[PDB]
Structures are given as structure tokens and as C-alpha cells.
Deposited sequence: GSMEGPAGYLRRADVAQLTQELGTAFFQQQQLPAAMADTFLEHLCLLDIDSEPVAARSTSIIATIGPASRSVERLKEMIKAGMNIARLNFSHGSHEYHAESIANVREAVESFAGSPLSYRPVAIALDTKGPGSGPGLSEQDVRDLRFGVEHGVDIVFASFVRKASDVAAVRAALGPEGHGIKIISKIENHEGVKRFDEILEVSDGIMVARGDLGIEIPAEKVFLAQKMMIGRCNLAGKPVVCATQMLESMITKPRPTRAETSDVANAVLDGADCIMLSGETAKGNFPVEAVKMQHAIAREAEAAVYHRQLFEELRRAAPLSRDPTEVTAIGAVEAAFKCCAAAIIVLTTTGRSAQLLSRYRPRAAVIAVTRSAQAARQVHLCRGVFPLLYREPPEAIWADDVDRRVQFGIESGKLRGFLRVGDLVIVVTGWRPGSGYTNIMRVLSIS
């Protein structure tokens, strides 16, 4: 039905292993990855990656989130970077095979007591320019997040706040920070200066583990491919670091100087893309799924209940994708937390949700712009078919495949409760 060739690809012999030791022993360099790369790539915009033509090459290479580092540059400089990103993104609104939403994230300069005056002004700039995410620098406690949230004013409550953990206090107060944040960034640069360099891997693994347990995005950042600022190829430690961040459970991986100022910004994005694809196939889903299941408390929320049912069904049939309809991205995030091998294709009418779901591993957003049908059930079927046809066009799906489809019982956010098994025709 699928063939022996299917079961030799994407580390499937290592996937069937009964122990983690046997899983390692069965990893094969000749077993090619087939699934689309699920860990998002955040690229820092700077002199080496500002031009519209360079940004088009970075989008093609795999960049999903453009980071603006507000530690340098004026508001005028960053507004031009935003306009260049949006111009490069919209240049592909013709071909549906190449069009992809790209999120814009603002990284603050940092704190002094309370939020700095420059951070208040930069956060206001972000709201005025429609940024999707804020990477808040030096978050140490829950009140630091509340201050950033308050500065996002009356108009920016939909912006995701990713708290950067950069010091001992942030690590110690991690649980209270994660509870009030949308996600976390393991900011290894400052963290490696604030705590002993030999302890950073413990903080990284702990934070990734806790974010995976909470179902919240976690970004691994800084010096992942550092030598690529001046060299065309990374060191053996650098490729290992990227692979291990993905195996640890990071939703996003980041490039800073590699894309902002280095000589090989596009090559650095290509390298992160190539490593993440290899590492995602090497994940030991048998143990991961069982442990995510065992740790996750019982839930009476139908979205959470449908999500675990859909992920279980996708593993049972080797589903090419899980197509989910989402207004805020939440139904896609709840599927993503169980780490399915199947791609989560999120169909949405919200351009902001489409950009923000790049924070969740394995979510491939599709922005639906067709006008509503008069009959709601027909409008749902048209969006389900839109995900199927986009999936066929991009290579996720073929006729005869099985897909899991996740929808809700009435319009509006918060009513997901249906999982369907569909044969692609």
C-alpha cells in the first residue's frame, strides 16, 4: 500500500525502535527526510540582509520570522526594514506555491528599574507598525511581562510576548514568567555571561522541557552558526548545536550576526533549514508522544481533547497532514504541543494569526482571503478544500493520502470539537 521505500525514509526504522538506545543505533545517514521542515527560522535583519532582493532570497531559503533588534538603529531605520520585509513577502502573492506569511518580531533594547523610556517608545512603534511578536529583553519576573503588556497600549493586545531569559533571576523565576508570557527565548549570549558558560546547556534543556510541557513556544538563540559570519561553512559544534536544539524540543531557532551583519546570511538560513529537517526526522516520537500524554493533565476543553485525538489518529495512519481551521491560531497550537509527525496545516482568515503561528513547531499557515459563503457549513468545506489543494500544490498531499481534519461545531473562536479522517480525492 505504501511500499518498503516509504518505511526506509524519514528515519522510520529508528522511529519503530522499542528503546531510545535502539533508536540511536538505527539512525541512518542514508534515510532521507521527506516531511517539510517544522522548526521555524528567525533571522535578524541588518545591513547584510536589509535589501528587498536579499530578503527574497532569505524567504526562499526558509526564513519565517524577521527579527528587528532595537538595541541598534533608529525608528526610521527599522521602519524601512519592516517595509522591505513586507515588500519581499508580498512579491510572492502571485504564485501560491511560493507565497508564505513572514512574522515581524521586535526585540527590545532592555532595562534600571521598570520598563526603560526607550522600550516604552519602541513598543509603541511596534504597535503603530503592526508587529506580530515582541522579544522582551532581560525578563526577570512576572511584573516585567506585565509592564511590556501595558506598554503594548490599547491597540496591541494581540501581539505575542516572548520573554527573553538572560540571567540567573530569570532562570530562577522561570515558572512565574512563563505563566504570563506567550513563550520564551533562551537568550544564550547574555545568559552565558550572567551564569557560568558550562551551565547554559542545563538552563536551555530545562526551559525547553518546561515550555514543551506548558505547550508554549520556545526559541533557542545566539551563536548557533557564529563562524558563518565570516566562513561559508559552519563548524562541527555549530551543526550539532542546531540539531540538538531541535532534538531538545525548540519550536524556533534563531540567527543573529549570521544574518544581520555576516558575509553569508542566505547560506546560514539554508544551513539551519537543512539541519532542522534532518533533526526533526531523528526525534523519537514513540517516547515523546507517550511522555507528553502522561505529563499533560486531563482536560475538559474540547479543543485540547480534539487535538490529542487528532494527533493519535494521525500517528495511526501516517497521515500526511492535519488540516485545522483556526481564527486565533489556538487550535493549531494545541495540535503542535503533542508533536505530531504530520504537518499541521492551519487555515485562517487572520493575517496576524497566520504570521504568529510560525512560533509553533510544525504549523504551516495558509491565509484564506475568499469572501464568506452564505451557508457556514459550505464556508467551512471551502476552507478545508483550500488546505487540501494548497497541500497538493506544495507537496504535502497526493490523491489517495489520508488527512485528519480539525474543525468546530459553530462559527467563532473557541469551539473546535471535531476530528475527521478524510481520503484525498
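Participant: Pop the missing stretches of the deposited sequence into a list, counting residues from 1 and keeping sequence order.
Facilitator: In the chain as deposited, 1-20, 132-133 carry no coordinates.
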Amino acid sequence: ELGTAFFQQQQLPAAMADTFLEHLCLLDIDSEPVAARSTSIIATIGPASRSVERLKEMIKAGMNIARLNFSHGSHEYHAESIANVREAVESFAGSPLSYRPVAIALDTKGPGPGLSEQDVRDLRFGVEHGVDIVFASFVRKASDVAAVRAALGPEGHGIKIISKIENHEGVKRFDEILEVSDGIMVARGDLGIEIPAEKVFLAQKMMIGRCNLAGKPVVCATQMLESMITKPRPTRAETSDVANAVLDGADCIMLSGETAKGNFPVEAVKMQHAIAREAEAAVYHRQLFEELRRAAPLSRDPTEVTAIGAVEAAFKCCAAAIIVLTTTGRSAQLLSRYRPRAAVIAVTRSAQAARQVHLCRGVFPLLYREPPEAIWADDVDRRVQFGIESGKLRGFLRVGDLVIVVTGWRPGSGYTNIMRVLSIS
From here on, numbers count along this sequence of modelled residues.
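The term rigid core refers to the most C-alpha atoms you can superpose between the two forms while keeping them within 1.5 Å.
Participant: Root mean square C-alpha distance from this form after a core fit in 9 other deposited structures of this protein: higher for 100-108 or for 114-122?
Facilitator: When 100-108 and 114-122 are compared in 9 other deposited structures of this protein, the bigger C-alpha shift is seen for 114-122.
Participant: Out of 86-94 and 174-182, which shows the greater rigid core-aligned C-alpha deviation in 9 other deposited structures of this protein?
Facilitator: With the rigid core fitted, 86-94 is the stretch that strays more in 9 other deposited structures of this protein.
Participant: Mean CA temperature factor from the deposited coordinates, higher in 231-239 or in 202-210?
Facilitator: So the stretch with the higher mean C-alpha B-factor is 231-239.
Participant: If you average the CA temperature factors as listed in the entry, which stretch comes out higher, 313-321 or 167-175?
Facilitator: Higher mean C-alpha B-factor in the PDB entry: 167-175.
Participant: Name the one of 396, 364, 386, 376 with the greatest CA B-factor according to the PDB entry.
Facilitator: The listed residue with the largest C-alpha B-factor is 396.
Participant: What's the residue among 135, 125, 92, 338 with the greatest CA temperature factor in the PDB record?
Facilitator: Checking the PDB record, the top C-alpha B-factor among 135, 125, 92, 338 is at 92.
Participant: Compared with the other modelled residues in the chain, in which third is the CA B-factor of residue 304?
Facilitator: For residue 304, the deposited C-alpha B-factor lands in the lowest third.
Participant: Going by the recorded CA B-factors, say which third of the chain residue 370 sits in, lowest, middle or highest.
Facilitator: Answer is middle: the recorded C-alpha B-factor places it there.
Participant: Ordered by C-alpha B-factor within the chain, which third holds residue 72? Give me lowest, middle or highest, please.
Facilitator: It falls in the top third of the chain.
Participant: Would the CA B-factor of residue 216 place it in the lowest, middle or highest third of its chain?
Facilitator: Lowest third.
Participant: Within this chain, which third does the Cα B-factor at residue 424 fall in: lowest, middle or highest?
Facilitator: Ranked within chain, residue 424 CA B lands in the middle tercile.
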